[PDB]
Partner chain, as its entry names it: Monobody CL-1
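One chain comes next, on its own, written out as structure tokens in the form deposited without its partner chain.
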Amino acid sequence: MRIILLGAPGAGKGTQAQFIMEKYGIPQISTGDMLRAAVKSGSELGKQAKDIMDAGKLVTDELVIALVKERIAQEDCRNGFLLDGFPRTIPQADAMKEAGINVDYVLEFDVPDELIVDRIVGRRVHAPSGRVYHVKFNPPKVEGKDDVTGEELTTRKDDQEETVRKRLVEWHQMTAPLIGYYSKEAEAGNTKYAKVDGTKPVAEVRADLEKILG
């Protein structure tokens, strides 16, 4: 069982990751984990990727594909894998198919932009402590203040309404062809695809997945 898991930032696609891992006996893998593990391993693709990173440059599609190919060859992925957040472009999807990295299911996690905004914007932090708060799901005892110190809270640049909306626009635009690429491969019969309403409770999403995957 080889699964691709796509979704917008804050769509909470990972909320079903452990369920998928436990029902198939497969690891969760991401390009990030591949990079940090490859450089730590002192392997070849590692030293190469370490230079690009430390130089502050982007990693080439060519190098990423080679890392994915490397990872799914281990005994780890005898029963398959759960690829998270990759591919991100059509050319990447092609290079994977070129590298013989076939996939059984492509799951798309759907949460409308508006719900993600309210979900993300609500987050606050007390920086010197690292303590996390939320207006609606995890409210502090004293509104707009830390429960412990009593020092005022703070919000980060990454959770601001304009920053989030800007981040979602880019993703939708950038991923639009990829969603069509895999949706077409579905009706073509080279793989399977399925939209998923992530707005439902965790239990119902798990149910929806169990029938999609079987």
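Numbering follows the first chain given and starts at 1.
- Mean CA temperature factor is higher for 201 to 209 when stretches 11 to 19 and 201 to 209 are set side by side in the entry.
- The PDB entry records a higher mean C-alpha B factor for 37 to 45 than for its counterpart among 37 to 45 and 63 to 71.
- The maximum CA B-factor among the listed residues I90, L82, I120, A99, taken from the PDB record, is found at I120.
- Which of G32, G189, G180, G150 has the largest Cα B-factor in the deposited entry comes down to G150.
- Among the modelled residues of its chain, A127 has a C-alpha B-factor that falls in the highest third according to the deposited record.
- Sorting the modelled residues of the chain by their CA temperature factor places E162 in the highest third.
- The PDB entry assigns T154 a C-alpha temperature factor belonging to the highest third of its chain's modelled residues.
- Ranked by Cα temperature factor within the chain, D146 sits in the highest third according to the deposited record.
- Ranked within its chain, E114 lands in the highest third, by CA B factor from the PDB record.
The protein also exists as the form deposited with its partner chain bound; that form is not presented, and the subsequent description refers to it.
- Proximity of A186 to its partner chain in the entry with it bound: non-hydrogen atoms within 4.5 Å are present.
- In the entry with it bound, at least one heavy atom of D110 sits within 4.5 Å of its partner chain.
- Proximity of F81 to its partner chain in the entry with it bound falls outside the 4.5 Å heavy atom cutoff.
- In the entry with it bound, none of the heavy atoms of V205 sits within 4.5 Å of a heavy atom of its partner chain.
- Along 185 to 202, these residues reach a heavy atom to within 4.5 Å of its partner chain in the entry with it bound: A186, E187, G189, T191, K192, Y193, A194, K195, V196, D197, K200.
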